[PDB]
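Working notes for the structure below.
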Amino acid sequence: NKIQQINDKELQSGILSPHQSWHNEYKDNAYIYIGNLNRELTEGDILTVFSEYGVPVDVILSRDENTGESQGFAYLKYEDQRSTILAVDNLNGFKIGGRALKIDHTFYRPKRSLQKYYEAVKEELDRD
RNA sequence: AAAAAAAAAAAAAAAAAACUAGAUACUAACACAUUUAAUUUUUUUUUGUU
């Protein structure tokens with residue numbers, strides 16, 4: 001609802017196409033921060049809503065090291081960037097499970113401690 | 001220009017109020033297009049990763 005507020009102003013001026021859009025600030029980014037998730041949605045189900053706008057190559061759900069349950073945020077890289085422009089813009093502010101999730105562009109830095117979680121995820125997304 | 005008179009009835013201290021609706025004049029240099037670049041409507045069960 002912070003970002004959703006911008007695009008309405010922006011589109012109203014007829015900004016139309018990325019060169020003039022703030023989404024142009026990125027261009028080298030693909031992962032999207034996915035916020036305000038519900039707690040029970042897992043990686044496979046976050047890999048439900050987000051293929052509407054593209055083809056995910058990677059995904060990471062943030063979850064406590066001990067109890068292993070959702071922190072409530074994820075980082076999902078689309079194969080073709082412009083999905084990111086599409087997901088951030090279009091699906092931000094949308095309700096799942098009563099709470100409206102947030103998306104925004106992100107630069108994502110991998111953490112050693114999850115290293116196995118990368119192949120464990122990749123192998124599934126490597127199936128396709 | 002100009003040269004009077006005379007025969008014992010009256011007097012007066014100068015319409016409202018209320019009700020309900022309608023009719024028309026009028027009063028305040030009243031206000032009538034700019035208003036928006038520091039500052040509080042922005043609210044949620046804390047939860048954005050070398």
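Labels used: A, B, ... for chains in the order of the structure tokens, numbers from 1 for residues in each chain, and numbers from 1 for ligands as shown.
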Distance filter 8 Å, only C-alpha atoms (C1' of nucleotides), chain B against chain A, as a list in words: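 Close to chain A, chain B has residues 47, 48, 49 and 50 of chain B.
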Dump of N, CA, C and O atoms (P, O5', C5', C4', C3', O3' and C1' of nucleotides) for the selected residues, as a PDB file, in the first residue's frame:
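Writing done, so here's out-v6.pdb:
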```pdb
ATOM      1  P     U B  47       4.947  -8.788  13.134  1.00  0.00           P
ATOM      2  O5'   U B  47       6.379  -8.629  12.449  1.00  0.00           O
ATOM      3  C5'   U B  47       6.740  -7.418  11.754  1.00  0.00           C
ATOM      4  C4'   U B  47       8.216  -7.399  11.410  1.00  0.00           C
ATOM      5  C3'   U B  47       8.633  -8.277  10.235  1.00  0.00           C
ATOM      6  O3'   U B  47       9.710  -7.682   9.512  1.00  0.00           O
ATOM      7  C1'   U B  47       9.777  -8.983  12.157  1.00  0.00           C
ATOM      8  P     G B  48       9.846  -7.922   7.927  1.00  0.00           P
ATOM      9  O5'   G B  48      11.352  -7.518   7.615  1.00  0.00           O
ATOM     10  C5'   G B  48      12.441  -8.365   8.017  1.00  0.00           C
ATOM     11  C4'   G B  48      13.400  -8.602   6.872  1.00  0.00           C
ATOM     12  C3'   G B  48      14.697  -7.803   6.940  1.00  0.00           C
ATOM     13  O3'   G B  48      15.802  -8.549   6.462  1.00  0.00           O
ATOM     14  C1'   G B  48      13.575  -7.322   4.916  1.00  0.00           C
ATOM     15  P     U B  49      16.719  -9.381   7.475  1.00  0.00           P
ATOM     16  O5'   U B  49      16.908 -10.769   6.711  1.00  0.00           O
ATOM     17  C5'   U B  49      17.932 -11.702   7.103  1.00  0.00           C
ATOM     18  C4'   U B  49      18.605 -12.305   5.891  1.00  0.00           C
ATOM     19  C3'   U B  49      19.941 -11.695   5.495  1.00  0.00           C
ATOM     20  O3'   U B  49      21.024 -12.234   6.254  1.00  0.00           O
ATOM     21  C1'   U B  49      18.588 -11.928   3.571  1.00  0.00           C
ATOM     22  P     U B  50      22.138 -11.267   6.880  1.00  0.00           P
ATOM     23  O5'   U B  50      22.951 -10.768   5.605  1.00  0.00           O
ATOM     24  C5'   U B  50      23.810 -11.658   4.865  1.00  0.00           C
ATOM     25  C4'   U B  50      25.215 -11.099   4.799  1.00  0.00           C
ATOM     26  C3'   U B  50      25.496 -10.094   3.693  1.00  0.00           C
ATOM     27  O3'   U B  50      25.055  -8.787   4.055  1.00  0.00           O
ATOM     28  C1'   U B  50      27.264 -11.675   3.824  1.00  0.00           C
TER      29        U B  50
END
```
Residues flagged helix (DSSP H, G or I) by DSSP in chain A, as an mmCIF file with N, CA, C and O atoms, in the first residue's frame:
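In the end it all went to states15.cif:
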```
data_model
loop_
_atom_site.group_PDB
_atom_site.id
_atom_site.type_symbol
_atom_site.label_atom_id
_atom_site.label_comp_id
_atom_site.auth_asym_id
_atom_site.auth_seq_id
_atom_site.Cartn_x
_atom_site.Cartn_y
_atom_site.Cartn_z
ATOM 1 N N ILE A 3 3.683 1.051 -2.054
ATOM 2 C CA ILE A 3 4.013 0.960 -3.471
ATOM 3 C C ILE A 3 2.781 1.118 -4.313
ATOM 4 O O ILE A 3 2.808 1.836 -5.289
ATOM 5 N N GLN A 4 1.696 0.485 -3.927
ATOM 6 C CA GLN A 4 0.449 0.626 -4.668
ATOM 7 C C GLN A 4 0.041 2.078 -4.786
ATOM 8 O O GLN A 4 -0.595 2.468 -5.740
ATOM 9 N N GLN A 5 0.419 2.872 -3.799
ATOM 10 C CA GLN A 5 0.102 4.279 -3.838
ATOM 11 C C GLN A 5 0.865 4.975 -4.939
ATOM 12 O O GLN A 5 0.328 5.850 -5.580
ATOM 13 N N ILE A 6 2.120 4.602 -5.143
ATOM 14 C CA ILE A 6 2.937 5.227 -6.174
ATOM 15 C C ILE A 6 2.362 4.967 -7.550
ATOM 16 O O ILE A 6 2.092 5.923 -8.253
ATOM 17 N N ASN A 7 2.141 3.720 -7.938
ATOM 18 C CA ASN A 7 1.796 3.408 -9.311
ATOM 19 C C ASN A 7 0.543 4.133 -9.788
ATOM 20 O O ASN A 7 0.425 4.480 -10.958
ATOM 21 N N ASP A 8 -0.376 4.400 -8.878
ATOM 22 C CA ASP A 8 -1.576 5.130 -9.248
ATOM 23 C C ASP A 8 -1.240 6.539 -9.615
ATOM 24 O O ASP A 8 -1.773 7.048 -10.599
ATOM 25 N N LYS A 9 -0.403 7.218 -8.825
ATOM 26 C CA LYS A 9 0.082 8.549 -9.197
ATOM 27 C C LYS A 9 0.822 8.474 -10.518
ATOM 28 O O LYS A 9 0.614 9.292 -11.411
ATOM 29 N N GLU A 10 1.677 7.501 -10.635
ATOM 30 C CA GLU A 10 2.568 7.389 -11.767
ATOM 31 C C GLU A 10 1.808 7.172 -13.043
ATOM 32 O O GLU A 10 1.966 7.920 -13.999
ATOM 33 N N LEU A 11 0.940 6.175 -13.041
ATOM 34 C CA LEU A 11 0.102 5.854 -14.204
ATOM 35 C C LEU A 11 -0.802 7.019 -14.544
ATOM 36 O O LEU A 11 -0.998 7.292 -15.714
ATOM 37 N N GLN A 12 -1.340 7.710 -13.541
ATOM 38 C CA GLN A 12 -2.211 8.836 -13.786
ATOM 39 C C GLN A 12 -1.530 9.880 -14.675
ATOM 40 O O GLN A 12 -2.167 10.450 -15.539
ATOM 41 N N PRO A 18 9.061 1.299 -19.010
ATOM 42 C CA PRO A 18 9.932 1.356 -17.832
ATOM 43 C C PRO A 18 10.927 2.535 -17.777
ATOM 44 O O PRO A 18 11.221 3.019 -16.696
ATOM 45 N N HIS A 19 11.379 3.032 -18.920
ATOM 46 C CA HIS A 19 12.364 4.107 -18.943
ATOM 47 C C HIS A 19 11.961 5.244 -17.995
ATOM 48 O O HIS A 19 12.807 5.815 -17.308
ATOM 49 N N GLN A 20 10.687 5.598 -17.964
ATOM 50 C CA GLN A 20 10.270 6.650 -17.086
ATOM 51 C C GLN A 20 9.765 6.114 -15.778
ATOM 52 O O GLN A 20 9.513 6.895 -14.851
ATOM 53 N N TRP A 22 9.829 4.142 -12.156
ATOM 54 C CA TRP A 22 10.739 3.851 -11.086
ATOM 55 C C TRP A 22 11.221 2.413 -11.091
ATOM 56 O O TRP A 22 12.224 2.106 -10.479
ATOM 57 N N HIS A 23 10.511 1.526 -11.773
ATOM 58 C CA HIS A 23 10.959 0.155 -11.871
ATOM 59 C C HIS A 23 12.274 0.129 -12.668
ATOM 60 O O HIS A 23 12.963 -0.854 -12.662
ATOM 61 N N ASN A 24 12.607 1.187 -13.387
ATOM 62 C CA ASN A 24 13.842 1.224 -14.146
ATOM 63 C C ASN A 24 15.064 1.335 -13.268
ATOM 64 O O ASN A 24 16.171 1.093 -13.725
ATOM 65 N N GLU A 25 14.881 1.695 -12.008
ATOM 66 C CA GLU A 25 16.007 1.833 -11.094
ATOM 67 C C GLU A 25 16.765 0.515 -10.945
ATOM 68 O O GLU A 25 17.924 0.506 -10.523
ATOM 69 N N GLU A 43 6.861 -22.998 0.691
ATOM 70 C CA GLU A 43 7.553 -22.653 -0.554
ATOM 71 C C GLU A 43 6.767 -23.059 -1.786
ATOM 72 O O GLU A 43 6.691 -22.308 -2.762
ATOM 73 N N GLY A 44 6.183 -24.251 -1.745
ATOM 74 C CA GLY A 44 5.393 -24.732 -2.866
ATOM 75 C C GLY A 44 4.155 -23.890 -3.134
ATOM 76 O O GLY A 44 3.724 -23.740 -4.272
ATOM 77 N N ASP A 45 3.578 -23.340 -2.083
ATOM 78 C CA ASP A 45 2.372 -22.563 -2.235
ATOM 79 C C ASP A 45 2.688 -21.113 -2.631
ATOM 80 O O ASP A 45 1.934 -20.496 -3.359
ATOM 81 N N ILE A 46 3.795 -20.562 -2.147
ATOM 82 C CA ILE A 46 4.331 -19.307 -2.695
ATOM 83 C C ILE A 46 4.747 -19.542 -4.143
ATOM 84 O O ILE A 46 4.707 -18.623 -4.937
ATOM 85 N N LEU A 47 5.114 -20.771 -4.489
ATOM 86 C CA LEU A 47 5.293 -21.106 -5.875
ATOM 87 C C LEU A 47 3.976 -21.480 -6.519
ATOM 88 O O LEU A 47 3.957 -22.089 -7.573
ATOM 89 N N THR A 48 2.851 -21.144 -5.917
ATOM 90 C CA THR A 48 1.626 -21.156 -6.686
ATOM 91 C C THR A 48 1.319 -19.770 -7.209
ATOM 92 O O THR A 48 1.266 -19.606 -8.414
ATOM 93 N N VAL A 49 1.130 -18.780 -6.336
ATOM 94 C CA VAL A 49 0.631 -17.487 -6.783
ATOM 95 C C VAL A 49 1.550 -16.775 -7.748
ATOM 96 O O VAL A 49 1.068 -16.039 -8.598
ATOM 97 N N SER A 83 8.986 -10.032 -15.242
ATOM 98 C CA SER A 83 8.056 -10.587 -14.283
ATOM 99 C C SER A 83 8.107 -9.816 -12.965
ATOM 100 O O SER A 83 7.081 -9.614 -12.338
ATOM 101 N N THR A 84 9.289 -9.388 -12.565
ATOM 102 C CA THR A 84 9.449 -8.659 -11.324
ATOM 103 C C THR A 84 8.680 -7.339 -11.358
ATOM 104 O O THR A 84 7.970 -6.982 -10.423
ATOM 105 N N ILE A 85 8.877 -6.582 -12.444
ATOM 106 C CA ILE A 85 8.075 -5.378 -12.713
ATOM 107 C C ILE A 85 6.600 -5.732 -12.628
ATOM 108 O O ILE A 85 5.800 -4.953 -12.174
ATOM 109 N N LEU A 86 6.273 -6.951 -13.030
ATOM 110 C CA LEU A 86 4.884 -7.351 -13.157
ATOM 111 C C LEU A 86 4.299 -7.789 -11.856
ATOM 112 O O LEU A 86 3.186 -7.418 -11.529
ATOM 113 N N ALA A 87 5.078 -8.522 -11.080
ATOM 114 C CA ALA A 87 4.601 -9.030 -9.783
ATOM 115 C C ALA A 87 4.525 -7.955 -8.718
ATOM 116 O O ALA A 87 3.559 -7.838 -8.017
ATOM 117 N N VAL A 88 5.593 -7.174 -8.607
ATOM 118 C CA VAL A 88 5.651 -6.070 -7.653
ATOM 119 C C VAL A 88 4.476 -5.149 -7.852
ATOM 120 O O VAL A 88 3.769 -4.816 -6.936
ATOM 121 N N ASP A 89 4.267 -4.771 -9.095
ATOM 122 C CA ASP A 89 3.273 -3.811 -9.458
ATOM 123 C C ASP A 89 1.861 -4.351 -9.275
ATOM 124 O O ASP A 89 1.034 -3.771 -8.574
ATOM 125 N N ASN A 90 1.599 -5.484 -9.899
ATOM 126 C CA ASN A 90 0.239 -5.995 -10.014
ATOM 127 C C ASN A 90 -0.328 -6.697 -8.790
ATOM 128 O O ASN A 90 -1.473 -6.549 -8.473
ATOM 129 N N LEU A 91 0.490 -7.486 -8.123
ATOM 130 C CA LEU A 91 0.030 -8.350 -7.035
ATOM 131 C C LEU A 91 0.269 -7.806 -5.639
ATOM 132 O O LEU A 91 -0.122 -8.398 -4.685
ATOM 133 N N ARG A 112 25.616 -18.442 3.617
ATOM 134 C CA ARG A 112 26.261 -19.749 3.732
ATOM 135 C C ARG A 112 25.391 -20.771 4.490
ATOM 136 O O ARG A 112 25.225 -21.904 4.052
ATOM 137 N N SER A 113 24.807 -20.347 5.607
ATOM 138 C CA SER A 113 24.133 -21.267 6.518
ATOM 139 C C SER A 113 22.976 -22.019 5.869
ATOM 140 O O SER A 113 22.549 -23.050 6.363
ATOM 141 N N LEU A 114 22.457 -21.507 4.768
ATOM 142 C CA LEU A 114 21.377 -22.195 4.073
ATOM 143 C C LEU A 114 21.878 -23.036 2.904
ATOM 144 O O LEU A 114 21.060 -23.556 2.142
ATOM 145 N N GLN A 115 23.195 -23.175 2.748
ATOM 146 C CA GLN A 115 23.759 -23.667 1.487
ATOM 147 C C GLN A 115 23.064 -24.920 0.971
ATOM 148 O O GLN A 115 22.797 -25.029 -0.227
ATOM 149 N N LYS A 116 22.752 -25.860 1.859
ATOM 150 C CA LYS A 116 22.073 -27.063 1.421
ATOM 151 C C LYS A 116 20.639 -26.770 0.996
ATOM 152 O O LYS A 116 20.141 -27.363 0.057
ATOM 153 N N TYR A 117 19.985 -25.853 1.706
ATOM 154 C CA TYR A 117 18.628 -25.444 1.344
ATOM 155 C C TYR A 117 18.542 -24.926 -0.088
ATOM 156 O O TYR A 117 17.471 -24.900 -0.657
ATOM 157 N N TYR A 118 19.678 -24.553 -0.663
ATOM 158 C CA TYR A 118 19.691 -24.072 -2.038
ATOM 159 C C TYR A 118 19.570 -25.226 -3.024
ATOM 160 O O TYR A 118 18.756 -25.161 -3.948
ATOM 161 N N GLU A 119 20.375 -26.261 -2.858
ATOM 162 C CA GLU A 119 20.239 -27.417 -3.735
ATOM 163 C C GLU A 119 18.924 -28.117 -3.471
ATOM 164 O O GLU A 119 18.275 -28.558 -4.413
ATOM 165 N N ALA A 120 18.521 -28.222 -2.205
ATOM 166 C CA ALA A 120 17.251 -28.866 -1.870
ATOM 167 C C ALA A 120 16.085 -28.170 -2.550
ATOM 168 O O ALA A 120 15.184 -28.823 -3.068
ATOM 169 N N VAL A 121 16.124 -26.846 -2.582
ATOM 170 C CA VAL A 121 15.138 -26.097 -3.372
ATOM 171 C C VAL A 121 15.424 -26.263 -4.862
ATOM 172 O O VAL A 121 14.519 -26.620 -5.634
ATOM 173 N N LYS A 122 16.660 -25.987 -5.280
ATOM 174 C CA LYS A 122 16.985 -25.987 -6.700
ATOM 175 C C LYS A 122 16.552 -27.284 -7.368
ATOM 176 O O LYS A 122 15.905 -27.255 -8.412
ATOM 177 N N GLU A 123 16.898 -28.421 -6.769
ATOM 178 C CA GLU A 123 16.583 -29.722 -7.353
ATOM 179 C C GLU A 123 15.126 -29.844 -7.765
ATOM 180 O O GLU A 123 14.831 -30.408 -8.812
ATOM 181 N N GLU A 124 14.222 -29.280 -6.972
ATOM 182 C CA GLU A 124 12.811 -29.253 -7.359
ATOM 183 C C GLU A 124 12.549 -28.311 -8.519
ATOM 184 O O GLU A 124 11.857 -28.674 -9.467
ATOM 185 N N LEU A 125 13.099 -27.107 -8.455
ATOM 186 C CA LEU A 125 12.956 -26.153 -9.558
ATOM 187 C C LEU A 125 13.897 -26.513 -10.717
ATOM 188 O O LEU A 125 13.793 -25.956 -11.807
#
```
Separation of atom CA of residue A:70 from atom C1' of residue B:45, in Å and rounded to one decimal: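 One can read the atom CA of residue A:70 to atom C1' of residue B:45 distance as 15.0 Å.
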Residues flagged strand (DSSP E or B) by DSSP in stretch 5-121 of chain A, as an MDAnalysis selection string: chainID A and resid 32:35 56:63 70:78 95:96 99:100 102:105
